[PDB]
Amino acid sequence: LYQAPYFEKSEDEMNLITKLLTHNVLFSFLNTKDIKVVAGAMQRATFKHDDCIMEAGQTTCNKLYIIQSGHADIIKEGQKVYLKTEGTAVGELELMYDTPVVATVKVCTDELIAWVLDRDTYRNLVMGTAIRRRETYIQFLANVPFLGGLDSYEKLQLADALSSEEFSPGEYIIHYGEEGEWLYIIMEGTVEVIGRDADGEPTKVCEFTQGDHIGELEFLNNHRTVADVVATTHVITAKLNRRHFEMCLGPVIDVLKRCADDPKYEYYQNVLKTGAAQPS
Ligand SMILES: Nc1nc2c(ncn2[C@@H]2O[C@H](CO)[C@@H](O)[C@H]2O)c(=O)[nH]1
Ligand SMILES: Nc1nc2c(ncn2[C@@H]2O[C@H](CO)[C@@H](O)[C@H]2O)c(=O)[nH]1
């Protein structure tokens, strides 16, 4: 029965805002209508350098801010600890765990333009099962090797955008020569990567299993997929959409780019030097 506030926006505002939402993991699993209601309930909020959007200990905030342009530091006990850039959010932690502001947010650029959501609209139309989704993945993600370089906060950020994807033996996870919109982290089962050799014929490259990742090549290097990935067993994966890849795997991209060196990626090395793929 909840009806949200509405503040009319120009056609470019709704467009701009809707884009920030579909790339911020707080809103990953909202349908199209609820994405728009949310964009109408947002409000502009501009800040200047050294301005504080919130302060450690504050109880008077209770708002979620999505950054449009500009940066802002996270300061916990006098120490800067995190830089918040465009597309990111401050305030979600207080809204999800109902506690006073834990850290101070200090604009470190000449201006900061935010879009601000009220607690009532977030808890009723966004949050959903956020805490349970976090319970589903964090212990797993904490044990996934290539995620070593995310801190607890970043793993939770990733868990907020994850959903569970199962595959039947022999079903395609990824098809050769397609755009590809998901990275997969195997939780259970085994997969085979089926490339194409010089005459264009199927060739098996390797297998992958629990804790391995597939999908990232095309996101690192902006080409269509260069292999099939097929389940050899019943497979369970957690999956991350392409629009969330950079916002969430940012601090580990460089582990991913060791695809240039690892010999399991020798197939792909040879594909890259002969230029055998198109952008997507
Ligand atoms: N990356 C990061 N951001 C935090 C942390 N603690 C708080 N924040 C951010 O600062 C806001 C106020 O505490 C939260 O809503 C988060 O957006 C932290 O430990 N790491
Ligand atoms: N281990 C390995 N995986 C590959 C290779 N080429 C492609 N893949 C996987 O197949 C997907 C589709 O190209 C990529 O995103 C990778 O996950 C390769 O040469 N070695």
Side-chain angles (χ1 to χ4, degrees), residues 23-30 64 74 76 81-84 87-103 122-123 126-169 171 173-174 181-191 193 206-217 219-220 229 231-259 262 264:
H23 294 79
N24 185 289
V25 305
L26 289 168
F27 316 83
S28 293
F29 302 114
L30 283 184
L64 173 66
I74 303 298
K76 286 219 280 174
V81 302
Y82 193 86
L83 186 63
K84 292 270 180 188
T88 62
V90 294
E92 84 288 356
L93 195 58
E94 291 69 23
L95 300 186
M96 295 169 82
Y97 301 99
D98 269 328
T99 175
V101 182
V102 179
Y122 175 75
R123 287 187 71 269
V126 179
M127 175 144 174
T129 52
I131 290 155
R132 180 170 203 151
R133 181 184 303 111
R134 286 173 172 214
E135 275 305 308
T136 303
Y137 300 111
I138 184 60
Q139 205 270 347
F140 169 71
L141 294 172
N143 287 289
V144 169
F146 86 104
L147 292 185
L150 307 185
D151 59 36
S152 184
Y153 177 100
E154 293 165 327
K155 290 186 179 99
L156 294 170
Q157 186 172 232
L158 170 60
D160 290 323
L162 291 184
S163 58
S164 290
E165 188 168 11
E166 303 192 25
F167 297 94
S168 295
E171 176 181 357
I173 301 177
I174 293 160
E181 81 147 341
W182 301 101
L183 183 153
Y184 303 74
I185 317 185
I186 296 165
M187 302 181 86
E188 199 164 328
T190 296
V191 313
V193 181
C206 61
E207 294 193 336
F208 272 135
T209 187
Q210 169 191 295
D212 294 311
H213 57 75
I214 53 253
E216 73 287 347
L217 295 190
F219 304 166
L220 298 163
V229 184
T232 69
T233 70
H234 179 40
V235 174
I236 310 181
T237 70
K239 79 185 185 182
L240 177 63
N241 184 271
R242 189 181 186 121
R243 67 217 163 98
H244 296 313
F245 171 70
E246 215 172 298
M247 168 146 153
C248 284
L249 298 189
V252 307
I253 284 246
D254 289 328
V255 177
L256 292 169
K257 280 171 177 158
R258 295 292 238 111
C259 64
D262 180 323
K264 271 182 110 166

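Residue numbers run from 1 in the order of the sequence given. All values below come from the heavy atoms of this structure, side chains included, with hydrogens, waters and symmetry mates left out.
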Salt bridge between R133 and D160, side-chain N to carboxylate O under 4.0 Å?
no

Indicate yes or no: at least one non-hydrogen side-chain atom of [X] is less than 4.5 angstrom from one of [Y].
{"X": "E154", "Y": "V252", "answer": "no"}
{"X": "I174", "Y": "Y184", "answer": "yes"}
{"X": "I185", "Y": "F146", "answer": "yes"}
{"X": "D98", "Y": "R123", "answer": "yes"}
{"X": "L141", "Y": "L150", "answer": "no"}
{"X": "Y153", "Y": "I74", "answer": "no"}
{"X": "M247", "Y": "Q157", "answer": "yes"}
{"X": "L217", "Y": "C259", "answer": "yes"}

Using modelled atom types only, decide if a donor and an acceptor are shared between the side chain of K264 and the backbone of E207 within a distance under 3.5 Å.
yes

Is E181 reaching over with its side chain to a backbone N or O of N241, donor-acceptor style, under 3.5 angstrom?
no

Closest approach of [X] and [Y], non-hydrogen atoms and distance?
{"X": "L162", "Y": "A238", "result": "CD1-CB, 4.0 Å"}
{"X": "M96", "Y": "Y122", "result": "CG-OH, 3.2 Å"}
{"X": "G211", "Y": "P145", "result": "O-CD, 4.1 Å"}
{"X": "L95", "Y": "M127", "result": "O-SD, 4.1 Å"}
{"X": "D212", "Y": "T209", "result": "OD2-N, 2.7 Å"}
{"X": "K155", "Y": "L147", "result": "CE-O, 3.3 Å"}

Run the side chain to side chain contact (heavy atoms under 4.5 Å, CB included) test on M187 and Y137 for me, step by step, so that the C-alpha distance in whole Å, both residues' side-chain angles and the decisive distance to 0.1 Å come before the verdict.
CA-CA 10 Å; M187 302 181 86; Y137 300 111; 4.2 Å; yes

Could you give the distance from CZ (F219) to CZ (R243), rounded to the nearest 0.5 Å?
11.5 Å

When rounded to the nearest 0.5 Å, the distance separating CG of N24 from SG of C248 is 8.5 Å

Around atom CD of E188, are there more than 12 heavy atoms from other residues, nucleotides or ligands closer than 6.0 Å?
no

So does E171 have more than 12 non-hydrogen atoms from other groups sitting under 6.0 Å from CD?
yes

I need the single residue from [options] that forms a side-chain contact (heavy atoms from CB on, under 4.5 Å) with [X]. Which is it?
{"X": "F208", "options": "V235, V229, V193, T190", "result": "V193"}
{"X": "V191", "options": "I186, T232, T237, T233", "result": "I186"}
{"X": "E216", "options": "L249, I253, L183", "result": "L183"}

Side chain to side chain contact (heavy atoms under 4.5 Å, CB included) evaluation trace for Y82 with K76:
CA-CA 9 Å; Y82 193 86; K76 286 219 280 174; over 6 Å; no

